[PDB]
Chemist: 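Mind having a look at this structure? Questions to follow.
Every chain is numbered from 1, with letters handed out A, B, ... down the list of sequences.
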Amino acid sequence: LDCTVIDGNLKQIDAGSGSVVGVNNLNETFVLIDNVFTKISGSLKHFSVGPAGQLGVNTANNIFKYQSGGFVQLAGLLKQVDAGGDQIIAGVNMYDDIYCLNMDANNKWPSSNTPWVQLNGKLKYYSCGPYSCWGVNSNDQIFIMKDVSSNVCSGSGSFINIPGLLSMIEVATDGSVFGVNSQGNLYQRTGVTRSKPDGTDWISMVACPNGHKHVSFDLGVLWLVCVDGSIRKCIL
Amino acid sequence: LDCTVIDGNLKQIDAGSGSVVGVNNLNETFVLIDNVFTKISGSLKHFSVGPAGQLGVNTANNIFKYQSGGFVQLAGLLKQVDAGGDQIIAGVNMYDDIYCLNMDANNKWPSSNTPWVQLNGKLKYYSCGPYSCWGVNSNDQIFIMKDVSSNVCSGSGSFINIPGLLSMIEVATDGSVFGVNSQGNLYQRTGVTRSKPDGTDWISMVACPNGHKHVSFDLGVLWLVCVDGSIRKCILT
Ligand SMILES: *[C@@H]1O[C@H](CO)[C@@H](O[C@@H]2O[C@H](CO)[C@@H](O)[C@H](O)[C@H]2NC(C)=O)[C@H](O)[C@H]1NC(C)=O
Ligand SMILES: *[C@@H]1O[C@H](CO)[C@@H](O[C@@H]2O[C@H](CO)[C@@H](O)[C@H](O)[C@H]2NC(C)=O)[C@H](O)[C@H]1NC(C)=O
Ligand SMILES: [Ca+2]
Ligand SMILES: [Ca+2]
């Protein structure tokens, strides 16, 4: 791929809703402002942005949402969280248990309860898009939850295995699906539509010179963290 | 309303998706970062943030969306634009024509076209929330469009008049509705729910000792631009 380098060093990156955010190995938190990854207050090991807001988790697995000028702590524990769904929150905890929060609950603040929904299965990484969520388990097996909607965040309730192996996976607001495998190779799912949410094939792509670490996609731009923590921007 | 004053001066403010943005009298563009309004690049006369993204318009009525590190120009002309709907964009042009953009179009990039849908009618201000949009016309009359959805952004197609007079109006991600009238009074719509999207009445409240100019609400915090451009950050009681 034809990609440009952009200054910075990260371990994780997420793009969504026109925003791009990430964290470095020190767990410092960054937002892309006028083409500069800009440090903001916060300690997070994973930071996500999309239609559901700006959501992250820290080393203690506490959950944070940027609101009204700064991070506020939500109730619950997750090791990874994603905000790419249709105003829903999704993620996994330290036991690979899988949770989502429906739109109406996400948008209620202050709240007297945080009504997490547990999904049936085990995943180590989980990401949502417009009509589905995708994740991978501890054996790098890939799964899709179909029929996900804003107030039925758990979708059909039954995960479907998609052949292949990936270590992480992200779903974009246009429905695009990208992931990186344990060997540091980068893949895109082809043939993904609302009518065929599972898509058809995995295609190989190269953005990094010596291996890929993390990937996210938004609005025609593929974002990579390479193995050395450096960043690539690939306008597709 | 229990308020603090946040340093700065704005003419317009919008809050949504946990973000707070706005523009000043000079059309400098701001985002609230770590409790400080921070200038970003851009000349905009209205800047909105919500589940549909970060959308603004400039003095020439060109439309801009923040994506991938900076503003990109979309097709079309609007004098006001809102991103509070469910991944839909809505707004009005200089002739008070009313438009919306469906979710699937909003999320498509590259796009050699921005396929705006025109709603029948005239409004000078239009704002969207989770299941409806509200607007006001040039005579300050108030309207709701119900059962707006991500890929039917035009909703029922039948604007319903809600008695009262307002100069602008905003709809929050939790469905809350607030507005400011021509005299600088501030109102909330009471009784708004999914079962009753039109609500029941208007209630007056004051955040600005010197009168109100603009309002937006998100996640339990009401944001005011006062008549003098000062900024109040409030919680409800
Ligand atoms: C940044 O966050 C990571 C992930 O939480 C921290 O690394 C973990 O630290 C805990 C102890 O606090 C250990 O139980 C884990 O084994 C560590 N995981 C990994 C992958 O290293 C890391 O220490 C944090 N760094 C800073 C500077 O805050
Ligand atoms: C900021 O934008 C406003 C709104 O476009 C500008 O005020 C308008 O200026 C135009 C000329 O470009 C006039 O035709 C309008 O009558 C003005 N409208 C209002 C409401 O005053 C304003 O000049 C801009 N300021 C800067 C520094 O860019
Ligand atoms: Ca994501
Ligand atoms: Ca708004």
Side-chain angles (χ1 to χ4, degrees), chain A residues 14-19 21 48-56 63-68 72 74 76 78 81-91 99-109 111 114-117 119 126-133 145 147-155 170-175 194 218, chain B residues 14-19 48-55 82-90 100-104 106-107 127-133 147-153 170-176 192-194 197 216-220:
Chain A
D14 206 33
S17 300
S19 295
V21 305
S48 176
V49 66
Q54 297 166 258
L55 275 295
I63 310 165
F64 300 85
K65 183 168 165 190
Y66 194 92
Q67 313 174 7
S68 318
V72 308
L74 302 185
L78 297 169
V81 67
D82 187 66
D86 189 8
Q87 307 196 43
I88 65 168
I89 305 178
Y99 297 91
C100 65
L101 191 72
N102 287 298
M103 165 175 165
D104 288 5
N106 186 28
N107 297 329
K108 183 192 173 63
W109 194 264
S111 60
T114 308
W116 294 106
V117 179
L119 290 71
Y126 195 45
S127 173
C128 294
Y131 45 81
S132 68
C133 308
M145 183 65 81
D147 311 318
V148 174
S149 66
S150 61
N151 287 116
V152 192
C153 65
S154 47
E170 287 285 347
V171 190
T173 56
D174 73 354
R194 195 173 267 102
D218 188 48
Chain B
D14 205 34
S17 302
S19 296
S48 174
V49 65
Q54 295 167 67
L55 276 290
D82 187 66
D86 186 13
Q87 306 197 43
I88 67 167
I89 306 172
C100 64
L101 192 69
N102 289 304
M103 168 172 163
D104 288 3
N106 187 25
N107 299 328
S127 172
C128 293
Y131 48 84
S132 67
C133 308
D147 63 49
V148 168
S149 66
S150 297
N151 286 297
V152 191
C153 65
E170 285 284 345
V171 192
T173 57
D174 72 355
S176 302
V192 175
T193 67
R194 285 186 181 270
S216 188
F217 182 85
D218 187 49
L219 296 170

Chemist: Going through the distances and angles, do A:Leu78 and A:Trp116 end up as a side-chain contact (heavy atoms from CB on, under 4.5 Å)?
Modeler: CA-CA 11 Å; A:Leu78 297 169; A:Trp116 294 106; 4.0 Å; yes
Chemist: Quick one: side-chain contact (heavy atoms from CB on, under 4.5 Å) partners of B:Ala15, sequence neighbours excluded?
Modeler: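 With neighbours one apart ignored, the set is B:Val20, B:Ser216, B:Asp218, B:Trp223.
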Chemist: Do B:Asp82 and B:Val171 have side chains that get closer than 4.5 Å, going by heavy atoms?
Modeler: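 No, their side chains stay 4.5 Å or more apart.
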Chemist: Do A:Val21 and A:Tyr66 have side chains that approach each other closer than 4.5 Å (heavy atoms only, starting at C-beta)?
Modeler: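 No, side chains not in contact.
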Chemist: Listed by chain and number, what are the side-chain contact (heavy atoms from CB on, under 4.5 Å) partners of B:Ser176, not counting sequence neighbours?
Modeler: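 Partners of B:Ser176 by the side-chain contact (heavy atoms from CB on, under 4.5 Å) criterion, ordered by chain and then number, come out as B:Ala172, B:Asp174, B:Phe178, B:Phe217.
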Chemist: List in chain and number order the residues that pass side-chain contact (heavy atoms from CB on, under 4.5 Å) with B:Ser17, two or more places apart in sequence or in another chain; answer none if no residue qualifies.
Modeler: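 Residues passing side-chain contact (heavy atoms from CB on, under 4.5 Å) with B:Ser17: B:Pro51.
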Chemist: Output all residues satisfying salt bridge (charged side-chain N to carboxylate O under 4.0 Å, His left out) with A:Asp104, sequence neighbours left out; order by chain, then residue number.
Modeler: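 Salt bridge (charged side-chain N to carboxylate O under 4.0 Å, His left out) list for A:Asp104, sorted by chain: B:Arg194.
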Chemist: I'd like to know if the two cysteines, A:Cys100 and A:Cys153, have SG atoms within less than 2.5 Å.
Modeler: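 The answer is yes, since A:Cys100 and A:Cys153 bring their SG atoms under 2.5 Å apart.
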Chemist: Hey, does A:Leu55 have a side-chain heavy atom less than 4.5 Å from the side chain of A:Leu74?
Modeler: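 When only atoms from C-beta onward are counted, A:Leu55 and A:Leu74 do touch, with a gap below 4.5 Å.
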Chemist: Is the shortest side-chain heavy-atom distance between B:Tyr131 and B:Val192 below 4.5 Å?
Modeler: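 Yes. Closest side-chain heavy atoms under 4.5 Å.
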Chemist: Hey, could you give me the CG/CD1 distance between A:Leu101 and A:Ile88, rounded to the nearest 0.5 Å?
Modeler: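 Answer rounded to 0.5 Å: 9.0 Å.
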Chemist: Taking it one step at a time, do A:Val152 and A:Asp147 satisfy side-chain contact (heavy atoms from CB on, under 4.5 Å)?
Modeler: CA-CA 8 Å; A:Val152 192; A:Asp147 311 318; over 6 Å; no
Chemist: Does the side chain of A:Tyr126 come within less than 4.5 Å of A:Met145's, by heavy atoms?
Modeler: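 Yes, side chains in contact.
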Chemist: Rounded to the nearest 0.5 Å, what's the gap from OG1 on A:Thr114 to CH2 on A:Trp109? Could you check?
Modeler: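 Going from the OG1 atom of A:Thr114 to the CH2 atom of A:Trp109 covers 7.0 Å.
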Chemist: What residues, two or more places apart in sequence or in another chain, satisfy side-chain contact (heavy atoms from CB on, under 4.5 Å) together with B:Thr193?
Modeler: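 B:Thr193 satisfies side-chain contact (heavy atoms from CB on, under 4.5 Å) with B:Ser195, B:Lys196 once adjacent residues are dropped.
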Chemist: In the structure I gave you, are the side-chain heavy atoms of A:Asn107 and B:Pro130 within less than 4.5 Å of one another anywhere?
Modeler: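 Not in contact.
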Chemist: List in chain and number order the residues that pass side-chain hydrogen bond (donor to acceptor under 3.5 Å, both in side chains) with B:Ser150, two or more places apart in sequence or in another chain; answer none if no residue qualifies.
Modeler: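 In terms of side-chain hydrogen bond (donor to acceptor under 3.5 Å, both in side chains), with neighbours along the sequence ignored, B:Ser150 is linked to B:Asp86.
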